Structure formats: structure tokens, C-alpha cells
């Protein structure tokens, strides 16, 4: 079903450092989304280079990979109706001056470069990102959506 849609959400090293892991997870929880993947990791540069490949050229890339490599990240896969579209809305617009109070970036980050959180911008982008961060065994299902989430 469409209610088997999945999105990738990462909490970057400053989100963790500022003790926001509980608060962020809790927001998805009370929305009514289902957790299907959760993992705490030190991301390899390889992974980060691949993740940020579309920007492998721009000047900021090096320091950006460095930031993400610099601390633990929380990797998450959340499941539910329009979870990609709604998920971006819950995060707020990427720019931390356009982010409205009540969204995550809205209530919580100021710095545009070294922010708190990432979200998939499309269903395609999510599948790509879930592939990259998660092995298929680390995705637990029990929502009988696993048999529908094929592409």
C-alpha cells in the first residue's frame, strides 16, 4: 500500500551532542509513524562520500563530510502514509531562517551548515538512502509492509 511508504531520517552529530535524540524520535512516534530501522553509527568517509556524491565537487563538500564523520549519527527508517512528504514538513525547510516554529529545525537549529537533521526529499531519494545506510536485515518489519515495499 501507499501506507508502506518509507523515508530516511538521520540525526547528525550536533543533534546527538545537544541531546535531541529523544525529542526527535518522540515527534515521529506521536505523529503515528512506525519505526522500522534505527541505528547508531560512526559513518565511514566512503559512505558519506557516496551519500553526498551529487555535491562531490562544490567547495563546502570536504568540511561537510568531516562534520558528519566527526561524531555518532542516528540512522532511522520511518514508515507510513506520505511519510516522505510529511517527514520533510516535520523537519521544516532546510534553511534555518525559513524554518517555522513547531518543526524540528524550527524549534532547534540555527546554523545552516552544521545542522541537526536530514530527511529524504523523495520516495526515490529515500530508497537510495535506505539502501546506502541500512542492510536489509537491519530493517525489522512486523507491520506487514515488507511484502509490499518492493520497487
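Heads up, when I say rigid core I mean the largest set of C-alphas that superpose within 1.5 Å between the two forms. Residue numbers count along the first chain shown, from 1.
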property: RMS Cα shift after core superposition in 5 other deposited structures of this protein, winner of 9-17 and 138-146; result: 138-146
property: Core-fitted comparison in 5 other deposited structures of this protein, 91-99 vs 35-43, farther C-alphas; result: 91-99
property: Given 132-140 and 9-17, the range whose Cα B-factors average higher in the PDB entry; result: 132-140
property: Given 57-65 and 42-50, the range whose Cα B-factors average higher in the PDB entry; result: 57-65
property: Residue selected from 124, 29, 98, 107 by maximal Cα B factor; result: 98
property: Lowest, middle or highest third - CA B-factor, residue 103; result: lowest
property: Residue 116 - which third its CA temperature factor falls in, relative to the rest of the chain; result: middle
